Colleague: 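Sending over a structure as structure tokens; questions will come in a sec.
Atoms within a ligand are numbered from 1 in the order they appear, just like the ligands themselves. For the single chain, residues carry numbers from 1 onward in sequence order. We use all heavy atoms of the structure for the numbers below, so side chains are in, but hydrogens, waters and symmetry mates are not.
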Amino acid sequence: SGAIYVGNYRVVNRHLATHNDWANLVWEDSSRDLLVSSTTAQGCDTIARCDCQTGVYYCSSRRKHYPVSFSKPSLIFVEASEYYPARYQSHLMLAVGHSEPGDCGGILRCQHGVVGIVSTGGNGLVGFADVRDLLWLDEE
Ligand SMILES: CSc1ccccc1CC(=O)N1CCC[C@H](CF)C1
Ligand SMILES: [Zn+2]
């Protein structure tokens, strides 16, 4: 679990969104595994606006932050889970990093701010849903 709190927005994995998220919905995209809801309180996270490919992510199943090298956002085949069917998830970045279902939500960050959230993984893989192109998160 986990979210990004930027301005009056809460960014979460779409597959982990709550009823309150859906009842206060700003934007969602199943192909990206992302959902954004509105908040009453202002958040403290800042979004990175860059092309970094190195950063640090939080892994809840290890209680640790790990430095990683990650690929550029791409259209990457993701195996069927109880959450989605075979398909191609867009805007996804991969790194070598131990993950588990319950790690989705953990933040990936670089020197500029928050880059994305954990979304997928596998036998020493972890994939992150990028948020750096969502420029509107910085306003309103
Ligand atoms: C960190 S997720 C993970 C890690 C190790 C192994 C398996 C997973 C689960 C996983 O990959 N998915 C279930 C959640 C939704 C994802 C979007 F298509 C796909
Ligand atoms: Zn950066």
Colleague: Could you check atom 10 (C) of ligand 1 against the protein and tell me its nearest heavy-atom contact, residue, atom and distance included?
Modeller: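 Looking only at protein heavy atoms, the one closest to atom 10 (C) of ligand 1 is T120 OG1, 3.8 Å.
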Colleague: With under 30° as parallel and over 60° as perpendicular, where do the rings of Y84 and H15 fit, or are they tilted in between?
Modeller: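 Judged by the thresholds at 30° and 60°, the geometry between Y84 and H15 is perpendicular.
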Colleague: Give a yes-or-no answer on whether the side chains of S90 and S31 include a donor-acceptor pair shorter than 3.5 Å.
Modeller: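 Per modelled atom types, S90 and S31 side chains form a pair under 3.5 Å.
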Colleague: Is ligand 1 under 4.0 Å from a heavy atom in the side chain of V118, in the backbone, in both, or in neither?
Modeller: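 For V118, only side-chain atoms sit under 4.0 Å from ligand 1.
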Colleague: Which residue holds the protein heavy atom closest to atom 16 (C) of ligand 1, what is that atom called, and what is the gap in Å?
Modeller: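 So the nearest neighbour among protein heavy atoms is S119 O, 3.1 Å.
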Colleague: What residue and atom, counting heavy atoms only, is the protein's closest point to atom 3 (C) of ligand 1, and at what distance?
Modeller: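 Going atom by atom, the protein heavy atom closest to atom 3 (C) of ligand 1 ends up being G121 N, 3.7 Å.
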Colleague: Under 3.5 Å, is there a donor-acceptor pair between the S60 and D103 side chains?
Modeller: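 Yes, because at least one side-chain N or O of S60 sits under 3.5 Å from a partner of the opposite role on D103.
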Colleague: Any idea which protein heavy atom is nearest atom 4 (C) of ligand 1, and the distance to it?
Modeller: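 In this structure, atom 4 (C) of ligand 1 has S99 OG, 3.3 Å as its nearest protein heavy atom.
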Colleague: Tell me, which protein N/O/S atoms are under 2.8 Å away from the Zn ion (ligand 2)?
Modeller: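 As for protein N, O or S atoms lying under 2.8 Å from the Zn ion (ligand 2), they are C50 SG, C52 SG, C110 SG, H112 ND1.
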Colleague: Between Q89 and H91, do the side chains contain a donor N or O and an acceptor N or O under 3.5 Å apart?
Modeller: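 There is no such pair (donor and acceptor under 3.5 Å, judged by atom type) between the side chains of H91 and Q89.
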Colleague: Starting from atom 12 (N) of ligand 1, find the nearest protein heavy-atom neighbour and note its residue, name and distance.
Modeller: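 Among all protein heavy atoms, the one nearest atom 12 (N) of ligand 1 is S81 OG, 3.9 Å.
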Colleague: Looking at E100 and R62, does any basic side-chain N land under 4.0 Å from a carboxylate oxygen?
Modeller: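 Answer for the salt bridge query: yes.
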Colleague: Does any donor atom in the side chain of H112 or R49 lie under 3.5 Å from an acceptor atom in the other side chain?
Modeller: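 Checked: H112/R49 side chains show no N/O donor-acceptor pair below 3.5 Å.
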Colleague: Starting from atom 9 (C) of ligand 1, find the nearest protein heavy-atom neighbour and note its residue, name and distance.
Modeller: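 Minimum-distance protein heavy atom for atom 9 (C) of ligand 1 reads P101 CG, 4.3 Å.
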Colleague: For residues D33 and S119, is any side-chain donor paired with an opposing acceptor at under 3.5 Å?
Modeller: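 Looking only at side-chain atoms, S119 and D33 do form a donor-acceptor pair, the distance falling under 3.5 Å.
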Colleague: Tell me: protein heavy atom nearest atom 17 (C) of ligand 1, and distance?
Modeller: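 Minimum-distance protein heavy atom for atom 17 (C) of ligand 1 reads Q89 OE1, 3.3 Å.
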Colleague: When you group the ILVMFWY residues by side-chain heavy-atom contacts below 4.5 Å and let the links chain together, are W27 and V114 in the same group?
Modeller: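 Linked within one cluster.
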Colleague: I'd like the name of whichever of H15, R87, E82 reaches closest to atom 18 (F) of ligand 1 through any heavy atom.
Modeller: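 That would be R87.
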Colleague: Applying salt bridge (charged side-chain N to carboxylate O under 4.0 Å, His left out), which residue pairs with at least one partner in residues 14-29 are found, sequence neighbours left out?
Modeller: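 Non-adjacent pairs meeting salt bridge (charged side-chain N to carboxylate O under 4.0 Å, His left out): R10-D21, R14-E28.
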